[PDB]
*Asks:* 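My questions will all concern the structure given below.
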Amino acid sequence: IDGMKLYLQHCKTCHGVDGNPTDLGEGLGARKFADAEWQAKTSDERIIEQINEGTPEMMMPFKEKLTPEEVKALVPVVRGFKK
Ligand code: HEC
Ligand SMILES: [Zn+2]
Ligand SMILES: [Zn+2]
Ligand SMILES: [Zn+2]
Ligand SMILES: [Zn+2]
Ligand SMILES: [Zn+2]
Ligand SMILES: [Zn+2]
Ligand SMILES: [Zn+2]
Ligand SMILES: [Zn+2]
Ligand SMILES: [Zn+2]
Ligand SMILES: [Zn+2]
């Protein structure tokens, strides 16, 4: 399973190639991933829950689109943006 390939296919349109949100993502409410303070207060389970369930009117749920293994493979991608 390629995490980065999944991210570019499903996430980059809102969150950006570097974790800095696009025009679409920012307008919907997304903040940058390369944020030390965000990374520090955010658990892996919070990242997994967000991918799975989304946020109403902000981010679609991905639980019917990706297996738990695919969701888990995205954690290091999100973590790898920092600074
Ligand atoms: C545009 C429709 C989006 C797509 C496609 C994806 N995400 Fe997203 N995400 C979006 C918004 C507007 C927000 C803010 C809403 C909120 O409740 O925080 C988010 C949030 C995240 C978060 C952070 C949650 C937190 O606790 O701070 C993560 C980790 C995240 N999103 C990851 C993510 C991944 C891995 C995606 C592809 C499968 C993805 N998102 C798609 C907008 C959009
Ligand atoms: Zn896919
Ligand atoms: Zn998709
Ligand atoms: Zn900060
Ligand atoms: Zn971890
Ligand atoms: Zn929760
Ligand atoms: Zn939950
Ligand atoms: Zn959520
Ligand atoms: Zn939220
Ligand atoms: Zn809606
Ligand atoms: Zn809706």
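Both ligands and their constituent atoms are indexed starting at 1 by order of listing. By convention here, the first residue in the shown sequence is residue 1. Hydrogens, waters and symmetry mates are skipped; everything else that's a heavy atom, side chains included, is used.
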*Asks:* Which N/O/S atom belongs to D44 and is the closest one to the Zn ion (ligand 5)?
*Replies:*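 Going through the N, O and S atoms of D44 one by one, OD2 ends up nearest to the Zn ion (ligand 5).
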*Asks:* Name all residues meeting the side chain to side chain donor-acceptor pair (under 3.5 Å) criterion together with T55; count only those two or more places apart in sequence or in a different chain, and write none if there are none.
*Replies:*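 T55 satisfies side chain to side chain donor-acceptor pair (under 3.5 Å) with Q50 only.
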*Asks:* Leaving waters out, which protein N, O or S atoms fall under 2.8 Å from the Zn ion (ligand 7)?
*Replies:*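 Correct list: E49 OE2, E53 OE2.
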*Asks:* So which N/O/S atom does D35 have closest to the Zn ion (ligand 4)?
*Replies:*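 Nearest N/O/S atom: OD1.
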*Asks:* Run the side-chain contact (heavy atoms from CB on, under 4.5 Å) test on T42 and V78 for me, step by step, so that the C-alpha distance in whole Å, both residues' side-chain angles and the decisive distance to 0.1 Å come before the verdict.
*Replies:* CA-CA 11 Å; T42 304; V78 170; over 6 Å; no
*Asks:* With sequence neighbours left out, what residues match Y7 under ring-ring contact (aromatic ring centres under 6.0 Å, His included)?
*Replies:*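 With neighbours one apart ignored, the set is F81.
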*Asks:* Should the pair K72-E69 be classified as a salt bridge under the 4.0 Å nitrogen-to-oxygen rule?
*Replies:*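 A salt bridge is absent here (no side-chain N lies under 4.0 Å from a carboxylate O).
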*Asks:* Under 3.5 Å, side chain of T22 to main-chain N/O of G16, donor-acceptor pair present?
*Replies:*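 Not at all, since once roles are kept as given, no pair shorter than 3.5 Å links the two residues.
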*Asks:* Run the side chain to side chain donor-acceptor pair (under 3.5 Å) test against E64 and tell me which residues pass, sequence neighbours left out.
*Replies:*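 For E64 there are no side chain to side chain donor-acceptor pair (under 3.5 Å) partners, ignoring immediate neighbours.
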*Asks:* Does the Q39 side chain pair with the main chain of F33, one donor and one acceptor, at a distance under 3.5 Å?
*Replies:*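 Judged by distance alone, yes, a pair lies under 3.5 Å.
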